[PDB]
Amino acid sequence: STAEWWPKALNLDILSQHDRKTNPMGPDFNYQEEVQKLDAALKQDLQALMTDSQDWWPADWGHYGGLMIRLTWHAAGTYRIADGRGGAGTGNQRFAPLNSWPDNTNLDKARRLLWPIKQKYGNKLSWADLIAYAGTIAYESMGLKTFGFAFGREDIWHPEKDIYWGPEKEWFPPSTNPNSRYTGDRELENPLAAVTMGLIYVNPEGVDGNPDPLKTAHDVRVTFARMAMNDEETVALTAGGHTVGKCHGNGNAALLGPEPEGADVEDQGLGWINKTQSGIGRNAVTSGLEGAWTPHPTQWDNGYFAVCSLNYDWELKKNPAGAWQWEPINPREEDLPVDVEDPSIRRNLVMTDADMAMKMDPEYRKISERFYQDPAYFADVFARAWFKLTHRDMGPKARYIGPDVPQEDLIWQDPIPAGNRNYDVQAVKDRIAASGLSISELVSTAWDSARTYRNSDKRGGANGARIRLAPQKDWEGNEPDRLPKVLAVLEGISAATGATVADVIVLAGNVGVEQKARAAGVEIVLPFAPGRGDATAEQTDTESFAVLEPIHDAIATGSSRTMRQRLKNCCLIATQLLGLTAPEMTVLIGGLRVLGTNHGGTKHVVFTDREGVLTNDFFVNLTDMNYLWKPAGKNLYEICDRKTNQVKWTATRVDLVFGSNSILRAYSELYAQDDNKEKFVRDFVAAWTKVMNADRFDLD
C-alpha cells in the first residue's frame, strides 16, 4: 500500500482511531447512561448459559465455567503497566490480532456462546462488559464468593492500532531467534509483558518450550509484575484459576484449521476448526496439553494444592498432541477427573510448568503452603485479585457502574475524593493573577499536573493534584524547584478559598493562558469545571506511579535521557495516550512553545520575539523558507537566515517534524495562514481544555 515505502514514518493514524465513520452508533448514544438502565439481574441468564451446552461446541461436563473463566482471564491478561495498554476494558478480544493469537485458541467459541445474551440485552450490554463479566459469574456458579463487578466498558469497532505487541513477525517463536524480544541475559524488551508473541503471559511447557519449573517461575514473576501482580496475587491467580476447568490436547494439532483472521467465510468468524476429524468434546485440542488440575474441575474447592500440586509427586509426560505436561505419580482413582462427555470414564490429572513453579520456586512454595493450610485466605486473596485483574484498566471508581461495585476504595484505583464545588472561581483567579507567578510558571505547572493521564488504563491526570505528592513532586521532568515555588503560592490560595489544590493548579494554568491571549489582544474565558479533589499519600501507591513518570514530553521539549526511540516517536506516543488528535497535537506544540514553557527554560523552539503572547508565530516561522535548517548535534538544529547566514533560533526534532512530516506540515501551514490567527487561539484553547479535563469521569 501507500507506504511500505517509508517505514520510518510516524504512524499518525493511531491518533485518528475510533472515529465517526467506524462507529455505528448515533452520535448522541451514551453507553454509561444506557448500562445504568441494564437489568443486571441478567446474572440469571449468564449463570444459565453455564449449563446450556451447544452442539457445535459442547460444554465440558455440561459446564462452560472453566472455558468462560479462561475467556475473561485472557481478555484481561493482555494488560501491561508500562503504558497501560492491553486489558479487558475495550472488548478487544473480538478483533484482530487478539482474536487469533495462539493463546486465545478456542476462545472464539466462548465469545460466540455469549452472543445470545448480547443479542438479548443489546445496546445496554457492551461486548466488553459481557466478556469481562462472564468469568466472574462462572466463578459464582461454581461456588466462589466473588468480590464484585462494575460495568462501564464501552465497545470499540476495530483493532487498537496504537498497541505495539512485540517485534516478532512469527507466532510464539523461541527467544533465541532474530527479531527476539530478549536482550542481555533474558531481559524482556521493556513495554512488553509476555515472553513471546501471541502468548498472554508465559509458555506453559517451559521457557522456549523446555520444561524447568524454576526458570518458568522467573518468567511468571516477571510477566505478572509487568501486569501489576505481586507474588501473592500471582500464586493466588494461578491456583484459583486452575481450581476449575482443564487443558485440551486430545488429538493431532496439525489438523486444526486457520486461526479466525485466516479462516475462510464458511467458518462464521470462528477458527482452529477441525474438519479432518472430530475436534469437540473429549476430542478438543486447544493448548495441546490434556488433563485437569483437580478431581472436581466444575467446582471451586481446595483440590489444586489439596492432594494435587503439593501432595502428589509429579513427572514429565507427553500428551496426545505432543505437549509437555506434568502428571502425578500413582494417583488414586477417585482423584482422577472424569471424561468431559461420559462421567463413567476416568481421565488424567495435569500440572503445567507454571503450576509446578508454584511448588518448586522457594518463594511461591511458601505462599502455596499458606493457601493449602488457610483456604479462607486463599479464596479472599484470589477473589480480590480476580477483581483487580478485571478492573485494573477501568480507571477511577467514578467510571464504575452497577449494583456490585465494592464500597472499598482499592489502592490500585488511585482513589480521589470529591473536592468542593462552591467557592467562587473568580476570586480564585484574581488571587492567582495577583501573585507574582509568571505566565510560564502557571502553564507549565498545570500542564505537568495533567500530562500524566493515559486513556489506555485511565490512570493519571490533574485530578487528585498528586504532582504535589511523592514521588511526583520530585520527578526531574516536573522541575522540582519551580514546582514548589508554584505549589507554595497555590496551596495558600486553596486553603484561603474552599477550592482544592487540584482545581487551583488547573485554574492557574487557565489564567496563564488567559493572560497570554489578552497580551495578543484576545479576550477569552476558558471553560472550567470545579470538583477536583486532593489525593492523600496514603491512597497513592508510590511504586505504581513510577510508570507515569514523564521521562519524555515533547510538548515541553524535554527528554530525560538519550532514548532508542525517536523524539517524535515519543511525542506521538504521549499524544495517543493523552487522547489527542494530530491537529490537536499540532496547535498544542505551537502554543506551548510561544508561551515559553520548555523544560529548563530553553529557547529551543521559541521562534517569537514575544514569549508570553499567544500567537501563531511558531507556525509562521517554521513555515518560512527564508530560513534553512542546519543539523547541530543531538536532537538540535540551527534555524538560519539564508541571506545573512546567521543563527536566528535553535530547535529540536520535536519542533521541526511539524515542518517536515507532510501531514503535520499541512497542519502547520493551515495555522500559519494570515486568516487563521483566531482559529489558532480558539483551537489551542479547546485542546488545552481537553487535556485539563481528560480524567474528569466524576463529571456528568
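The numbering used is simple: start at 1 and walk along the sequence shown.
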Handout entry: Between 492 to 500 and 335 to 343 (mean CA B-factor, as deposited), the higher
Key = 492 to 500
Handout entry: 289 to 297 versus 422 to 430 - which carries the larger mean C-alpha B factor in the record
Key = 422 to 430
Exercise for the section: For the C-alpha B-factor as written in the entry, point me to the maximum among 162, 233, 259, 208. Expected result: 208
Handout entry: Identity of residue with top Cα B-factor, from 404, 154, 414, 476
Key = 414
Problem - Assigned third (lowest, middle, highest) for the C-alpha B factor of residue 51 - result: middle
Exercise for the section: State the tercile, meaning the lowest, middle or highest third, of residue 308 with respect to the CA B-factors recorded for its chain. Expected result: highest
Exercise for the section: Going by the recorded CA B-factors, say which third of the chain residue 619 sits in, lowest, middle or highest. Expected result: lowest
Handout entry: Ranked C-alpha temperature factor of residue 662 among modelled chain residues, by third
Key = lowest
Handout entry: Modelled-residue ranking by C-alpha temperature factor, third containing residue 61
Key = middle
